[PDB]
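Undergrad: just coords:
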């Protein structure tokens, strides 16, 4: 595990962690929406507003987690191009010197 | 013995203090909640919360409008306090 | 005891700071995202996404 | 400044850079008035 | 002077929060106390109901006084730029500044921070002006607030009117004192 | 001089990002505050709604002021080649340069980097010019920005007009003060 391989591993993981956070936020938007209905039926309008605020927060949070996951993925793609072309450059440099 | 080391005047004081201290804790939690509210303000726009409440009310058949803001004895006594 | 070592004026300050620090973190993530966006600009042409 | 820092951390409402009975003052006034 | 503009600003905000929390609490307790009046009237303790109503008239006045001071704090916070630019006292600030200095000794049982706010205002605008405010020799303190924090007893006609209105709402027979009601 | 062109460039970019993030946040909070006004009006606290509107008028002005300064930063970034070629101050730069120097002491609570930007501009164009800017003795600071960062109170007619428009949108009865409305 090279230094750049270690970094690549960490970045690929951060992207997955963010993607999971967006899924959890999407799941909890659905769960909070279900609680607004139950609260409206019981006429608990103060509890309904607390769940409405949670649902809108979880919705908007998920878009943020999702977009940052996209960004960290793009970076990790580029670091993969650097890890592989670094290996190829080393091997070519070795072929060049053994044939010399 | 016990009624000496904790007499009524000292209980009076302890109770007063207990009451007043939980008032300060209520002041404290309000300002913590206000701070979190503004910190995360762009994650909960007002208009989006109002529209979700309206949607949920319409689906429940509840005749209420969620974008707008929503006793007699107190008003009578207030008028007496004005009239005096 | 606790209300002395953390009085209301000190909470006021801590809360203000918490708020202001997360504003700087938001400024920071925007400029990280902007940088990744331009670094990988030829992999996502505007016209292709549209 | 070190006293002020330690007072602020303790929650003590005091200012440390500034300088910090009635019977005596009454008797002093009697000694003036005589 | 010992004046710190950020001490002033933080404590004005704290006074507003505390007053809002107290107004709610005192209003709730007044509802419970009005029921006690009805239960004294329902059992013929009219001469005690009269005295028990004097407590309620004071708490209803004190909530109105708190509502006034919360406004004057909010006013100083809105115009805080005038405070910390000038060394003079703005003409649109003098009512609020004098009134908070006058009220602090009365209210500092309930609202500890209100004392800080006026120690800060007496620093900014001199201890001499701070004394003229506390006596209202400055002639600028709000007269409605001073009435609502008087130490004097309510007019007995107001006590009677309070009992008459409470008696109606709890459906309790009450006969008011014709003497006081005649004064009217 | 302590002038570094890359310090200037990096901090101009940071000021633009911070102002964009603040404009959004303050605009959102204004929506929430306008609802609070409606709830004071819906319960007859008109005299407090007046004062509570003064906070909203200031934040709506401050967003407009930030929108102006974000433009002047973006202008210096577009014309950055003029800054770091000449020792003179371009004629098409003087408004932006003087205005950012004037605003930095007012705004450096909110925008820390804006102080760096003008410490850098006072280095590039002399501390003497930097003083003439802060007083507007240089006569070049933008008059629209200075109005939008005044410490003075709003005209009371504007407070009334703000209440009238907020009352319509939340369907709350409001009667404005005929005195101020008569001033018109």
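TA: Done, it's in. Residues are numbered from 1 along each chain as shown, chains lettered A, B, ... in the order given.
Undergrad: Please count neighbours and contacts with C-alpha atoms only from this point.
TA: Fine.
Undergrad: ok and the residue in chain A nearest chain E?
TA: Closest approach between chain A and chain E, counting by Cα to the nearest Cα: residue A:46, at 17.5 Å.
Undergrad: Correction: the previous question concerned chain B.
TA: Proximity of chain B to chain E (Cα to the nearest Cα) peaks at residue B:27, 6.1 Å away.
Undergrad: Would you enumerate the residues in contact with that residue?
TA: Going by Cα atoms under 8 Å, 6 or more residues apart in numbering or on different chains, residue B:27 touches E:14, E:17, E:18, E:21.
Undergrad: In contact with the residue in chain B that chain F sits nearest to, which residues?
TA: Chain B approaches chain F most closely through residue B:68 (5.1 Å), counting by Cα to the nearest Cα. Contacts here follow Cα under 8 Å, 6+ apart; on that basis residue B:68 touches F:170, F:171.
Undergrad: near chain F, which residues of chain E?
TA: Neighbours of chain F within chain E, by Cα under 8 Å from any Cα of the partner chain: E:71, E:74, E:75, E:78, E:79, E:81, E:82.
Undergrad: mind checking the longest helix of the chain?
TA: Since no chain was named, I'll use chain A. Ranked by residue count, the top helix of chain A under DSSP state H comes out as helix A:45-99.
Undergrad: switch to chain E, that's the one I care about
TA: helix E:5-41.
Undergrad: buried set for that one?
TA: E:8-23, E:30, E:33-34, E:37-41 (16 or more other Cα atoms under 10 Å in any protein chain shown).
Undergrad: now, which of the residues you listed lie close to chain C?
TA: E:10, E:11, E:14.
Undergrad: do stretch E:175-184 and chain B meet?
TA: No: Stretch E:175-184 stays clear of chain B (Cα under 8 Å from any Cα), getting no nearer than 9.8 Å.
Undergrad: Outside of that stretch itself, list whatever touches it.
TA: E:156, E:157, E:160, E:163, E:164.
Undergrad: which of those tops the neighbour count?
TA: Counting neighbours by other Cα atoms under 10 Å in any protein chain shown, residue E:163 comes out on top of the contacts of stretch E:175-184 with 23 neighbours.
Undergrad: mind checking how far the closest residue to chain A within chain E is from chain F?
TA: Closest residue of chain E to chain A, Cα to the nearest Cα: residue E:24 (17.5 Å). To chain F, residue E:24 is 15 Å away according to Cα to the nearest Cα, to the nearest Å.
Undergrad: now that residue: how far from residue A:44?
TA: 21 Å (Cα to Cα, to the nearest Å).
Undergrad: just residue B:35 next, same as before
TA: Look at residue B:35 and residue A:44: by Cα to Cα, they are 26 Å apart.
Undergrad: So between the two, which is more surrounded?
TA: Of the pair residue B:35 and residue A:44, residue B:35 is the one with more neighbours under other Cα under 10 Å, namely 17 against 12.
Undergrad: secondary structure element for that one?
TA: Residue B:35 belongs to helix B:8-39 when elements are defined using DSSP states H and E.
Undergrad: in that helix, what counts as buried?
TA: Using 16+ other Cα under 10 Å as the test for burial, helix B:8-39 gives B:24, B:27, B:28, B:31, B:32, B:35, B:38, B:39.
Undergrad: From residue E:70, how far off is residue E:117?
TA: From residue E:117 over to residue E:70 the distance is 12 Å, taken as Cα to Cα.
Undergrad: If you count surrounding residues, which of those two has more?
TA: Using other Cα under 10 Å as the criterion, residue E:117 and residue E:70 rank with residue E:117 on top: 25 against 21.
Undergrad: so, in contact with chain C or not, the helix or strand hosting that one?
TA: Using DSSP H and E, the element containing residue E:117 is helix E:113-124. No: Helix E:113-124 is not in contact with chain C by Cα under 8 Å from any Cα; minimum separation 9.6 Å.
Undergrad: In terms of secondary structure, what does that helix contact?
TA: If you count contacts as 3 or more Cα pairs under 8 Å, 6 or more residues apart in numbering or on different chains; DSSP states H and E, helix E:113-124 packs onto helix E:5-41, helix E:94-107, helix E:127-134.
Undergrad: In a markdown table: these, plus distance to residue A:92.
TA: Below are the helices and strands packed on helix E:113-124 laid out as a markdown table (distance: least, Cα to Cα, whole Å):
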| stretch | distance to residue A:92 |
| --- | --- |
| helix E:5-41 | 66 |
| helix E:94-107 | 82 |
| helix E:127-134 | 85 |
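Undergrad: which one of these lies closest to residue F:64?
TA: With respect to residue F:64, and counting by Cα to Cα, the nearest of the helices and strands packed on helix E:113-124 is helix E:5-41 at 24.3 Å.
Undergrad: Distance from the closest one to the middle of the chain?
TA: 10 Å (Cα atoms, centre = their mean, to the nearest Å).
Undergrad: tell me the secondary structure for the residue nearest to the spatial centre of chain A?
TA: The residue lying closest to the centre of chain A (Cα atoms, centre = their mean) is residue A:18, at 2.6 Å. Classification of residue A:18 by DSSP: H, G, I helix; E, B strand; the rest coil places it in helix.
Undergrad: surely it meets residue A:71?
TA: No: the pair residue A:18 / residue A:71 is not scored as a contact, 10.3 Å apart, by Cα atoms under 8 Å.
Undergrad: For burial, what's the neighbour tally of the residue of chain A found nearest chain B?
TA: Here the residue of chain A nearest chain B is residue A:57; by Cα to the nearest Cα that distance is 5.0 Å. For residue A:57, the neighbour count with other Cα under 10 Å is 22.
Undergrad: Find the nearest non-adjacent residue to residue E:170, please.
TA: Nearest non-adjacent residue to residue E:170, counting by Cα to Cα, 6 or more residues apart in numbering or on different chains: residue E:38, 6.3 Å away.
Undergrad: list the contacts for that neighbour?
TA: E:166, E:167, E:170, E:172.
Undergrad: Distance check, the second one against residue B:80.
TA: Read it as residue E:167. 15 Å.
Undergrad: Between these two, which has more neighbouring residues?
TA: Between residue E:167 and residue B:80, counted using other Cα under 10 Å, residue E:167 has the larger neighbour count: 21 against 15.
Undergrad: hang on, the more buried one packs against residue E:174?
TA: Yes: here residue E:167 lies in contact with residue E:174, judged by Cα under 8 Å, at a distance of 6.2 Å.
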